[PDB]
Number of protein chains: 4
Amino acid sequence: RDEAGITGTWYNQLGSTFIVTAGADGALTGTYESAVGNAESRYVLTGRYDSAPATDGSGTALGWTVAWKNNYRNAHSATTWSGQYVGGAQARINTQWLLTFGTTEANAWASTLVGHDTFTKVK
Amino acid sequence: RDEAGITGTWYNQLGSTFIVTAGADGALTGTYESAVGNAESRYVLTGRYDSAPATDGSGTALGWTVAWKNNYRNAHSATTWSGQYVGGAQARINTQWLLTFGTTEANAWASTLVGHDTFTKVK
Amino acid sequence: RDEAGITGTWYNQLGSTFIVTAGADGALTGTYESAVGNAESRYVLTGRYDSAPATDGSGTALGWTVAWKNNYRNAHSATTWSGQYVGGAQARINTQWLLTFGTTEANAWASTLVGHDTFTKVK
Amino acid sequence: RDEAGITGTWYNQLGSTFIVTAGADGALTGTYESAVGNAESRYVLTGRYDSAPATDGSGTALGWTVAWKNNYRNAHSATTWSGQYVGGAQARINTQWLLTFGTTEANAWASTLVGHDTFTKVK
Ligand SMILES: O=C(CCCC[C@@H]1SC[C@@H]2NC(=O)N[C@@H]21)NCCN(Cc1ccccn1)Cc1ccccn1
Ligand SMILES: O=C(CCCC[C@@H]1SC[C@@H]2NC(=O)N[C@@H]21)NCCN(Cc1ccccn1)Cc1ccccn1
Ligand SMILES: O=C(CCCC[C@@H]1SC[C@@H]2NC(=O)N[C@@H]21)NCCN(Cc1ccccn1)Cc1ccccn1
Ligand SMILES: O=C(CCCC[C@@H]1SC[C@@H]2NC(=O)N[C@@H]21)NCCN(Cc1ccccn1)Cc1ccccn1
Ligand SMILES: [Cu+2]
Ligand SMILES: [Cu+2]
Ligand SMILES: [Cu+2]
Ligand SMILES: [Cu+2]
């Protein structure tokens, strides 16, 4: 079971901080703080993970969303990360993400950025 | 405010059904049922949306996650949709999505599918 | 063989025009004209397709690149489309695309947009 | 001008080898050899890059396509990489990619993988 492996504080290669609790039922809840972009302080996150992953050495699939509104700022956008948790001495959450921002219909072709973040327990 | 616009039952071009409640605080909660892939019946979803979007004609950014485990099936995978809600007579949620499935490290380069779903209130 | 099916003029849902010749060796060459974004008139495109696709009803994989520089404009960016050609009475090229624009290293997390275009022989 | 910077042999984090010539007109031509997946030996690649990039420290946008057919194997698929070249002592091509494989229409929702490769001149 990866409940204990996922729960806690994670850091990605940009210096962002991802604080998460994995519930026994597959829930992810916590906060996200981005070191880049139109963001400051913490934002609510929610997501889901596979709470009964394979036992063949495969990673644990998961995903979560942040909408970039909090009491300080509203960037009219949301990011979803989709990835897998890989436990062990150098545990990692390897993700790809989609950031959609609100646009008019004329500009909707240009409304989604894509990228990739790797999270570790150190740094 | 788009709380009332988002909450309810949505359908995409594959025949999938997305049932969601938008909370006043930006929460998305509900269930998802996929007409394709390794899925049957309903799965828990959670996500976030911008609860104070622009008023200039821009869409409302949002995102949500489904992990594909329920009491019937476990497909060791999770999908996140990232998109914007566009209200009106033919309201729509236009999304792009990432489906990550658990893999070994050797196969992780091939662990994420990408696609796009458009949800409407009819069909 | 889909050489004859692919070669010709295609249109996507934005009003863009894709003019392509499929070579017997798997080459794609032609021009692209975008109805949106920092673009005007025609841009060089090059790409590749599967010149011996399956015969089981599967689509024909292909992809191509446009760099958005021509004699009129330079938008310091490039788009790649990746998709499959599906022949018949309503033939189609269904794609997803990545648009990367030049950025500094500080802004590289935000350098790639993702989207999807569907091309038809009419419109 | 990045013609000289791009032309040559590149390696990504999977052990794949990308051999490319950048033409003065913005053309990319060469061969690709993948260390993973349904691939063996070299495949034709073609693409485009920005031949007059900004001079403000921004990367050089580019993209290319490989269709995974050669004299040995046909994997009925094509990958496009979209990214930017960043010159200097540790030059790099940072990409994201889309791999589409031929599918029936019923399976087309699952026809595209997405990932990210980083290429260097060493390794
Ligand atoms: O920047 C954000 C929110 C923070 C994103 C951080 C990302 S999430 C993925 C990656 N991983 C991280 O840890 N951090 C980064 N949203 C942009 C929304 N704007 C578009 C946009 C796109 C690129 C750069 C700036 N803006 C639209 C807009 C609406 C109102 C005002 C201003 N702008
Ligand atoms: O199919 C699913 C879950 C349902 C996805 C429906 C998508 S979500 C986006 C799109 N929109 C929709 O409404 N529906 C579709 N997960 C695949 C996980 N497997 C890989 C995979 C990839 C493609 C096809 C089948 N499998 C790995 C695996 C682990 C154990 C057993 C079997 N397979
Ligand atoms: O707009 C373009 C080129 C045309 C893209 C058309 C796309 S391709 C996919 C889709 N399908 C189509 O048929 N058309 C659209 N490049 C943007 C580069 N800029 C970022 C950017 C992002 C969004 C909107 C405007 N700019 C950076 C920049 C460098 C210098 C000056 C100005 N800007
Ligand atoms: O594996 C390939 C070609 C090589 C891709 C290497 C990628 S490109 C991006 C990344 N970067 C690299 O340097 N290497 C990797 N195509 C898969 C096509 N098949 C689906 C598929 C998906 C995942 C794994 C295996 N197959 C469909 C199919 C058609 C007929 C027979 C068998 N299979
Ligand atoms: Cu912004
Ligand atoms: Cu599966
Ligand atoms: Cu621009
Ligand atoms: Cu394969």
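Because only heavy atoms are used, hydrogens play no part in the values below, and waters and symmetry mates are left out as well, while side chains stay in. Every chain is numbered from 1, with letters handed out A, B, ... down the list of sequences.
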Return the option, out of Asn107(B), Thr112(B), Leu28(B), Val66(B), with the maximum number of heavy-atom pairs under 4.5 Å with chain A.
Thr112(B)
Taking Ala78(B), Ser82(B), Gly83(B), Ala61(B) one by one, which has the highest count of heavy-atom pairs under 4.5 Å against chain A?
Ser82(B)
Of all heavy-atom pairs between [X] and [Y], which one has the smallest distance, and what is that distance?
X	Y	value
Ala67(A)	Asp50(B)	CB-N, 4.0 Å
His76(B)	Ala52(A)	CE1-O, 2.9 Å
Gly63(B)	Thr80(A)	CA-CG2, 3.7 Å

So, does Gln84(A) use its side chain to make a donor-acceptor pair with the main chain of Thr103(B) at under 3.5 Å?
yes
Please flag which part of [X] lies under 4.5 Å from any non-hydrogen atom of chain A: side chain, backbone, both or neither.
X	result
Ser51(B)	both
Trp68(B)	neither
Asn94(B)	side chain

Other residues, nucleotides and ligands only: do more than 12 of their heavy atoms fall within 6.0 Å of CG on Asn71(B)?
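Open: at most 12 neighbouring heavy atoms sit under 6.0 Å from CG of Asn71(B).
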What distance separates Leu62(A) CG from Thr65(B) OG1, expressed to the nearest 0.5 Å?
8.5 Å
When rounded to the nearest 0.5 angstrom, what is the spacing between CH2 in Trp97(B) and CG in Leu98(A)?
10.5 Å
Are there residues of residues 31-48 of chain A that reach to under 4.5 Å of chain B by heavy atoms, and which ones?
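Under the 4.5 Å heavy-atom cut-off, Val44(A), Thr46(A), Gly47(A), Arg48(A) qualify.
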